[PDB]
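**Student:** Sharing a structure below in structure tokens format, with a few things to ask.
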Amino acid sequence: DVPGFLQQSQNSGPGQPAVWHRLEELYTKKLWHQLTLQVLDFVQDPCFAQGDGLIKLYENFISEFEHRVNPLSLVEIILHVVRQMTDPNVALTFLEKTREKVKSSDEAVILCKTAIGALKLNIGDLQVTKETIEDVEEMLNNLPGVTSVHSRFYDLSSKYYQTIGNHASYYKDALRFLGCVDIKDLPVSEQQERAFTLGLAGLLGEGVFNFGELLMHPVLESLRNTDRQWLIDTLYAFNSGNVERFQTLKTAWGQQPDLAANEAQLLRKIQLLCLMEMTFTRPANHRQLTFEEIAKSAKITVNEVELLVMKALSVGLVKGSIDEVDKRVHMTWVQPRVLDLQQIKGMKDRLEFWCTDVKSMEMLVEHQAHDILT
Amino acid sequence: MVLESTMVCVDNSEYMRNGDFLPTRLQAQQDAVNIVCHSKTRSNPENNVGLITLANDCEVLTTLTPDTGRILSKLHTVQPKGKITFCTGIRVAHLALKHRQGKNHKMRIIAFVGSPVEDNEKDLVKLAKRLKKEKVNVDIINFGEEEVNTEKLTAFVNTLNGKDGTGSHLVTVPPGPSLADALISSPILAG
Amino acid sequence: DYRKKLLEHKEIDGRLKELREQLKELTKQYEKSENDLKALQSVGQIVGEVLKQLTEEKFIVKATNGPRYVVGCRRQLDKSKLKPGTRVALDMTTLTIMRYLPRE
Amino acid sequence: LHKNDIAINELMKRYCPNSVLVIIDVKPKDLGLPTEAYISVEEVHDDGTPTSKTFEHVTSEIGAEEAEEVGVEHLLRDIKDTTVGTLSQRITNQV
Amino acid sequence: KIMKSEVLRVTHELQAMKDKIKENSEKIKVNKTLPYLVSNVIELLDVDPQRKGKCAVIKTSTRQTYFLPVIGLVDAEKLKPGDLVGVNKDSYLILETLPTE
């Protein structure tokens, strides 16, 4: 079949014989790796998806009995086989045939089940695909923190975000996609929508209080100056606190779909933002505060502020319990979690002050103390 | 007899199982290690041989010892990963010569190169000047080709090779279904 | 030509896969021998019996051979079994208590 | 702590079990405790940065068993014991 | 047979294990050379709450009682309350038990 391959290798399209030249040269020189990289070039070429279907079977064969190269090349080309073919019925036989074919030398079975579950993330199945996704993250907690496989796992949790069940685990994995991005080589033209539903998904993730982790990471705000800055402004307001209800009102109605049923819960989230900011505002000098600034921050009545502080204690970001009879708001611990340069500088201020006070008392006791006691 | 230490640097890339050349010539050069270590054992049995790869994370597979019996075992479980690393493959042996027991054992390091070299000529002259500085007998054994075998590797050897009388030799093997074994046994380095 | 050699290679792989079991079972016994060799190094314990406890940590012991001593308490065990009426076990060094001695 | 110490550590993470690392000092001019136990564990990070071997401090104490106390105390004759009262309290209360 | 060529490393490991049992098996002969006296054994099972309880009660021929777990090698006809046993000097261990009559 090797001299029988020279016909259909030689006989080909108009522009393909340029890469059939080096493809037949590396084919005759029988270097499986250079032939492999030429296959990655030919799949990487935007071919017509018309005359490639025979070489899908041909280098599917040569890739099966080549028994040499890391078969993730075969994984990617067979993903392009099913992407060209759109036949999930034989795709399971293909992927299972690779599972029987790929022995245990390198555990690429995480990318196998990633591919299988990925194709099973069609409308046919959701639950057991999610369960074998849970198996994919369950398999290797070892040293391969390469995260290429695990950014493909983020693609699996993105198709799990196509299920409207969970905003949060897509956002928890979107922190991991926030950390596993390398450079801007992947499509800015894509990164518009990546940052767009990343921002909407960051908002609609309902297991979080802060947005300053997302806005803190600079590759997103450097990817969103291309984007229209109506959204960076309100994520900056949702990070830094809404002293207004008009701007967060206009973006509360700017995003039209699905935001009404979430909207009151988002009010319940951003009404905690002013709380944690106003208890992070005054470090000392009458830490005690009152409900009038809270309700003035929240345009809410005094009948609901007990419900508001009960909710704030119900989240558990604050431990403050107020011993008042006449209405007062005394606070304890909350987490800053975002940044404040004024608290960097005030940190240096009270920090240096504490240092020279402890030094002052140490010299003060120690001067007469060493001379009388030693 | 001949009092010297032997260091080998072995390829573990997937370029050593390619179906053009010998059927996993990793085995063939492993048997070349067997015949040169038993031939050095027959010449002077007290010569010590260390074993290490050219991967990213190189690992001393066996510390330098004249007991090659377990070196025969350590030549297996080769872990065919990675591609190549040239510089720390040199530095991982040439400075590790100073840990040796017999200080009268002279310095000899070879390397089995089955991948194209990733280092530029600027690093080739820093390392060739580095080894010609510390004066180690270095025999360069280059298996397989994608581009030409020696273009800058030639002047890498000539700038690496001082001491024109009985200095180091260069091994350049052509393609051939003949072995690597008797073909590298053709210079005086086997003998 | 071709169809026979996969079955024959199944037979060569058979005769190679049948020679490991003659070693891998008795290597458990061989490693078990040195597991025992690490188990026989715990030596030199003596016995004793508790009648009267003056300090809650440190009390009077009564040896089988006759001479009486006072001992301490080990940081691992607690005062449950250390109540009197309990025959115990002791060490030559430091007179410590590793565990007790149940009568029969 | 050099960059190489993950790889130097990795050899004894392989052949030995999970190995502990100790940073001590070449010159004991540090008034603080010279020994710091750094557990060799990989921890998952909230920023999304890929998982790497991370050296978290495990708290340490320096104790001697029996005879090391006797030999050290015989070698010194300079250190004083617990000695509650004025001096050993008030010197800690000095420095 | 490429998957079955990893068996060679396993066999070299196990014949290496047979190379290295010679020394720790060699100390069996020099530790277990002479059971110096004869001591009465009374078998008494213990409980530790592995941490399993396993014990025996010893009485020397000079009527001195000590403490020890069940120790020695793999025992089948042992575990009896019997006599004529193997013992080293102050280790007071069990090495070689024999029937008296």
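The way I read the labels, and the way they are meant: chains A, B, ... in the order of the structure tokens, residue 1 as the first residue of every chain, and ligand 1 as the first ligand shown, with later ones counted on from there.
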Tell me, as a ChimeraX atom specification, which residues lie within 10 Å of residue 146 of chain B, counting only C-alpha atoms; anything in the same chain fewer than 5 positions away does not count.
**Tutor:** /A:31,34 /B:115-116
**Student:** Output as CSV one row per residue of chain C within 9 Å of chain E: the closest atom pair and its distance in Å to one decimal place, counting only C-alpha atoms, sorted by chain and residue number ascending.
**Tutor:**
residue,atom,partner,partner_atom,distance
C:9,CA,E:1,CA,7.1
C:10,CA,E:1,CA,8.4
C:12,CA,E:1,CA,8.3
C:13,CA,E:1,CA,6.6
C:16,CA,E:4,CA,7.8
C:17,CA,E:4,CA,7.9
C:20,CA,E:11,CA,7.4
C:23,CA,E:14,CA,7.1
C:24,CA,E:14,CA,7.7
C:27,CA,E:14,CA,7.6
C:30,CA,E:21,CA,7.3
C:31,CA,E:21,CA,8.4
C:33,CA,E:73,CA,7.4
C:34,CA,E:24,CA,7.1
C:36,CA,E:73,CA,6.8
C:37,CA,E:72,CA,8.4
C:39,CA,E:71,CA,7.3
C:40,CA,E:71,CA,6.1
C:41,CA,E:91,CA,8.2
C:42,CA,E:68,CA,8.2
C:43,CA,E:91,CA,4.9
C:44,CA,E:91,CA,5.4
C:45,CA,E:67,CA,4.7
C:46,CA,E:66,CA,3.9
C:47,CA,E:66,CA,5.5
C:48,CA,E:66,CA,9.0
C:63,CA,E:65,CA,8.5
C:64,CA,E:65,CA,6.3
C:65,CA,E:64,CA,6.0
C:89,CA,E:67,CA,6.4
C:90,CA,E:67,CA,7.7
C:91,CA,E:67,CA,8.6
C:99,CA,E:48,CA,8.1
C:101,CA,E:46,CA,8.0
C:102,CA,E:46,CA,7.3
C:103,CA,E:44,CA,8.7
C:104,CA,E:44,CA,7.8
**Student:** Residues of chain B within 7 Å of chain A: nearest atom pair and distance (Å, one decimal) for each, counting only C-alpha atoms, sorted by chain and number, as JSON lines?
**Tutor:**
{"residue": "B:14", "atom": "CA", "partner": "A:69", "partner_atom": "CA", "distance": 6.9}
{"residue": "B:17", "atom": "CA", "partner": "A:68", "partner_atom": "CA", "distance": 6.7}
{"residue": "B:18", "atom": "CA", "partner": "A:31", "partner_atom": "CA", "distance": 5.6}
{"residue": "B:19", "atom": "CA", "partner": "A:30", "partner_atom": "CA", "distance": 5.9}
{"residue": "B:20", "atom": "CA", "partner": "A:30", "partner_atom": "CA", "distance": 5.0}
**Student:** Would you put the residues from that selection into a file with C-alpha atoms, as a tab-separated table (two decimals), in the first residue's frame?
**Tutor:**
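Final file, out25.tsv:
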chain	number	residue	atom	x	y	z
B	14	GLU	CA	11.16	10.01	19.82
B	17	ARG	CA	12.38	5.00	16.81
B	18	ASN	CA	11.86	6.44	13.33
B	19	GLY	CA	11.26	3.72	10.79
B	20	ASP	CA	13.84	4.88	8.27
**Student:** Among the residues of chain E, find those DSSP assigns to strand (DSSP E) from the backbone and print them as a list in words.
**Tutor:** residues 39, 40, 41, 42, 43, 56, 57, 58, 59, 60, 66, 67 and 68 of chain E
**Student:** Generate the output file for the selected residues, N, CA and C atoms, as a PDB file, in the first residue's frame.
**Tutor:**
ATOM      1  N   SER E  39      13.773 -20.769  78.368  1.00  0.00           N
ATOM      2  CA  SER E  39      12.840 -19.933  79.104  1.00  0.00           C
ATOM      3  C   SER E  39      11.407 -20.360  78.834  1.00  0.00           C
ATOM      4  N   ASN E  40      10.604 -20.363  79.892  1.00  0.00           N
ATOM      5  CA  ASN E  40       9.199 -20.732  79.794  1.00  0.00           C
ATOM      6  C   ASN E  40       8.416 -19.629  79.101  1.00  0.00           C
ATOM      7  N   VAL E  41       7.494 -20.041  78.239  1.00  0.00           N
ATOM      8  CA  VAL E  41       6.634 -19.138  77.490  1.00  0.00           C
ATOM      9  C   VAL E  41       5.198 -19.415  77.903  1.00  0.00           C
ATOM     10  N   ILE E  42       4.435 -18.353  78.145  1.00  0.00           N
ATOM     11  CA  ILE E  42       2.990 -18.436  78.308  1.00  0.00           C
ATOM     12  C   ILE E  42       2.358 -17.489  77.300  1.00  0.00           C
ATOM     13  N   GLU E  43       1.544 -18.032  76.403  1.00  0.00           N
ATOM     14  CA  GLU E  43       0.960 -17.222  75.346  1.00  0.00           C
ATOM     15  C   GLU E  43      -0.249 -16.464  75.876  1.00  0.00           C
ATOM     16  N   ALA E  56       2.990 -12.206  74.431  1.00  0.00           N
ATOM     17  CA  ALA E  56       3.220 -13.457  75.137  1.00  0.00           C
ATOM     18  C   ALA E  56       3.908 -13.135  76.457  1.00  0.00           C
ATOM     19  N   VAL E  57       3.759 -14.045  77.417  1.00  0.00           N
ATOM     20  CA  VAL E  57       4.298 -13.885  78.763  1.00  0.00           C
ATOM     21  C   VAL E  57       5.480 -14.830  78.911  1.00  0.00           C
ATOM     22  N   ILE E  58       6.613 -14.290  79.340  1.00  0.00           N
ATOM     23  CA  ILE E  58       7.859 -15.034  79.429  1.00  0.00           C
ATOM     24  C   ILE E  58       8.178 -15.278  80.899  1.00  0.00           C
ATOM     25  N   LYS E  59       8.841 -16.398  81.172  1.00  0.00           N
ATOM     26  CA  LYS E  59       9.430 -16.688  82.473  1.00  0.00           C
ATOM     27  C   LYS E  59      10.775 -17.343  82.207  1.00  0.00           C
ATOM     28  N   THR E  60      11.843 -16.763  82.737  1.00  0.00           N
ATOM     29  CA  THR E  60      13.150 -17.371  82.562  1.00  0.00           C
ATOM     30  C   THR E  60      13.278 -18.601  83.449  1.00  0.00           C
ATOM     31  N   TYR E  66       9.606 -10.979  82.230  1.00  0.00           N
ATOM     32  CA  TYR E  66       9.810  -9.813  81.383  1.00  0.00           C
ATOM     33  C   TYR E  66       8.614  -9.671  80.451  1.00  0.00           C
ATOM     34  N   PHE E  67       8.708  -8.731  79.515  1.00  0.00           N
ATOM     35  CA  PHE E  67       7.601  -8.412  78.627  1.00  0.00           C
ATOM     36  C   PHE E  67       8.090  -8.346  77.189  1.00  0.00           C
ATOM     37  N   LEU E  68       7.237  -8.803  76.260  1.00  0.00           N
ATOM     38  CA  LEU E  68       7.542  -8.935  74.839  1.00  0.00           C
ATOM     39  C   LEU E  68       6.290  -9.255  74.032  1.00  0.00           C
TER      40      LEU E  68
END
**Student:** Using only C-alpha atoms, what does the table of chain D residues within 12 Å of chain B look like, with each row giving the shortest atom pair and its distance in Å to one decimal, sorted by chain and ascending number, as a Markdown table?
**Tutor:**
| residue | atom | partner | partner_atom | distance |
| --- | --- | --- | --- | --- |
| D:4 | CA | B:57 | CA | 10.9 |
| D:6 | CA | B:57 | CA | 11.5 |
| D:7 | CA | B:57 | CA | 8.2 |
| D:8 | CA | B:57 | CA | 10.5 |
| D:10 | CA | B:57 | CA | 10.4 |
| D:11 | CA | B:59 | CA | 8.8 |
| D:14 | CA | B:59 | CA | 11.8 |
**Student:** List the spatial neighbours of residue 108 of chain A as a ChimeraX atom specification - criterion: any atom at most 9 Å away, only C-alpha atoms, same-chain residues fewer than 3 positions off excluded.
**Tutor:** /A:70-72,102,104-105,111-113
**Student:** I'd like the interatomic distance between atom CA of residue 53 of chain C and atom CA of residue 78 of chain C, to a tenth of an Å.
**Tutor:** 14.4 Å
**Student:** Could you find all residues in segment 4-46 of chain C that DSSP calls alpha helix (DSSP H) from the backbone, and write them as an mmCIF file with N, CA and C atoms, in the first residue's frame?
**Tutor:**
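Dumped to out09.cif:
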data_model
loop_
_atom_site.group_PDB
_atom_site.id
_atom_site.type_symbol
_atom_site.label_atom_id
_atom_site.label_comp_id
_atom_site.auth_asym_id
_atom_site.auth_seq_id
_atom_site.Cartn_x
_atom_site.Cartn_y
_atom_site.Cartn_z
ATOM 1 N N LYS C 4 -0.308 -16.019 11.447
ATOM 2 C CA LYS C 4 0.192 -16.943 12.454
ATOM 3 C C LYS C 4 1.058 -16.247 13.497
ATOM 4 N N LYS C 5 1.736 -15.161 13.122
ATOM 5 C CA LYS C 5 2.794 -14.626 13.971
ATOM 6 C C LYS C 5 2.231 -13.797 15.116
ATOM 7 N N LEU C 6 1.008 -13.283 14.969
ATOM 8 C CA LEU C 6 0.375 -12.596 16.091
ATOM 9 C C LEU C 6 -0.043 -13.580 17.174
ATOM 10 N N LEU C 7 -0.495 -14.767 16.775
ATOM 11 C CA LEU C 7 -0.832 -15.810 17.731
ATOM 12 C C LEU C 7 0.419 -16.414 18.356
ATOM 13 N N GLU C 8 1.468 -16.604 17.548
ATOM 14 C CA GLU C 8 2.741 -17.081 18.077
ATOM 15 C C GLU C 8 3.350 -16.068 19.033
ATOM 16 N N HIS C 9 3.256 -14.775 18.712
ATOM 17 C CA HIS C 9 3.721 -13.745 19.638
ATOM 18 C C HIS C 9 2.845 -13.659 20.880
ATOM 19 N N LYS C 10 1.572 -14.051 20.776
ATOM 20 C CA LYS C 10 0.774 -14.238 21.982
ATOM 21 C C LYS C 10 1.311 -15.400 22.813
ATOM 22 N N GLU C 11 1.921 -16.397 22.162
ATOM 23 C CA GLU C 11 2.475 -17.528 22.910
ATOM 24 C C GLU C 11 3.847 -17.213 23.516
ATOM 25 N N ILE C 12 4.693 -16.451 22.806
ATOM 26 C CA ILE C 12 5.949 -15.965 23.386
ATOM 27 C C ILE C 12 5.668 -15.010 24.544
ATOM 28 N N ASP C 13 4.692 -14.115 24.362
ATOM 29 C CA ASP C 13 4.264 -13.262 25.468
ATOM 30 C C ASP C 13 3.606 -14.069 26.582
ATOM 31 N N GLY C 14 3.036 -15.229 26.249
ATOM 32 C CA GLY C 14 2.553 -16.134 27.277
ATOM 33 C C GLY C 14 3.678 -16.727 28.107
ATOM 34 N N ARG C 15 4.700 -17.281 27.444
ATOM 35 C CA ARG C 15 5.787 -17.901 28.196
ATOM 36 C C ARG C 15 6.659 -16.873 28.900
ATOM 37 N N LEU C 16 6.602 -15.606 28.487
ATOM 38 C CA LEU C 16 7.228 -14.571 29.295
ATOM 39 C C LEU C 16 6.322 -14.123 30.437
ATOM 40 N N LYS C 17 4.999 -14.160 30.256
ATOM 41 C CA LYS C 17 4.118 -13.729 31.335
ATOM 42 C C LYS C 17 3.861 -14.822 32.361
ATOM 43 N N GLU C 21 5.358 -14.976 38.044
ATOM 44 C CA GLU C 21 4.576 -15.424 39.188
ATOM 45 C C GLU C 21 5.368 -16.352 40.092
ATOM 46 N N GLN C 22 6.434 -16.950 39.571
ATOM 47 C CA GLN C 22 7.369 -17.756 40.336
ATOM 48 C C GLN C 22 8.327 -16.917 41.171
ATOM 49 N N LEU C 23 8.274 -15.591 41.054
ATOM 50 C CA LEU C 23 9.142 -14.721 41.835
ATOM 51 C C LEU C 23 8.327 -13.755 42.686
ATOM 52 N N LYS C 24 7.319 -13.118 42.073
ATOM 53 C CA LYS C 24 6.626 -11.993 42.699
ATOM 54 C C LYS C 24 5.812 -12.390 43.927
ATOM 55 N N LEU C 26 6.876 -14.901 46.252
ATOM 56 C CA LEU C 26 7.837 -15.160 47.311
ATOM 57 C C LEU C 26 8.738 -13.973 47.618
ATOM 58 N N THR C 27 8.745 -12.940 46.769
ATOM 59 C CA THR C 27 9.383 -11.693 47.174
ATOM 60 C C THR C 27 8.619 -11.004 48.301
ATOM 61 N N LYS C 28 7.311 -11.256 48.414
ATOM 62 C CA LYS C 28 6.559 -10.785 49.573
ATOM 63 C C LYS C 28 7.022 -11.483 50.843
ATOM 64 N N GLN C 29 7.368 -12.767 50.737
ATOM 65 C CA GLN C 29 7.908 -13.489 51.881
ATOM 66 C C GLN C 29 9.315 -13.013 52.209
ATOM 67 N N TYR C 30 10.098 -12.710 51.172
ATOM 68 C CA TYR C 30 11.479 -12.290 51.378
ATOM 69 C C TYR C 30 11.544 -10.897 51.981
ATOM 70 N N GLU C 31 10.687 -9.988 51.513
ATOM 71 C CA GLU C 31 10.613 -8.667 52.122
ATOM 72 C C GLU C 31 9.942 -8.745 53.487
ATOM 73 N N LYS C 32 9.059 -9.732 53.658
ATOM 74 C CA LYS C 32 8.425 -9.985 54.943
ATOM 75 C C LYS C 32 9.441 -10.423 55.987
ATOM 76 N N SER C 33 10.513 -11.099 55.556
ATOM 77 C CA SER C 33 11.582 -11.482 56.473
ATOM 78 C C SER C 33 12.256 -10.260 57.089
ATOM 79 N N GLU C 34 12.569 -9.247 56.277
ATOM 80 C CA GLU C 34 13.200 -8.063 56.852
ATOM 81 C C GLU C 34 12.194 -7.162 57.548
ATOM 82 N N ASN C 35 10.915 -7.241 57.165
ATOM 83 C CA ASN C 35 9.869 -6.619 57.972
ATOM 84 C C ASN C 35 9.851 -7.199 59.378
ATOM 85 N N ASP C 36 10.041 -8.515 59.485
ATOM 86 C CA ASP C 36 10.206 -9.149 60.784
ATOM 87 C C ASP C 36 11.503 -8.710 61.453
ATOM 88 N N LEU C 37 12.574 -8.536 60.672
ATOM 89 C CA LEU C 37 13.854 -8.107 61.232
ATOM 90 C C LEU C 37 13.782 -6.702 61.800
ATOM 91 N N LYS C 38 12.905 -5.867 61.254
ATOM 92 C CA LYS C 38 12.581 -4.601 61.885
ATOM 93 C C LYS C 38 11.553 -4.755 62.996
ATOM 94 N N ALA C 39 10.857 -5.889 63.059
ATOM 95 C CA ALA C 39 9.901 -6.111 64.136
ATOM 96 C C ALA C 39 10.517 -6.747 65.381
#
**Student:** For chain E against chain B, with a cut-off of 9 Å and counting only C-alpha atoms, what is the closest atom pair and its distance in Å to one decimal for every residue that makes the cut, ordered by chain and number, as CSV?
**Tutor:**
residue,atom,partner,partner_atom,distance
E:6,CA,B:77,CA,7.5
E:8,CA,B:76,CA,8.3
E:9,CA,B:76,CA,6.8
E:12,CA,B:73,CA,6.6
E:13,CA,B:73,CA,8.6
E:16,CA,B:70,CA,8.9
**Student:** Within 10 Å of chain D, which residues of chain A are there when counting only C-alpha atoms? Please give them as a PyMOL selection string.
**Tutor:** chain A and resi 141-147+150+172-181+213-214+216-217+362-363+365-367+369-370+373-374
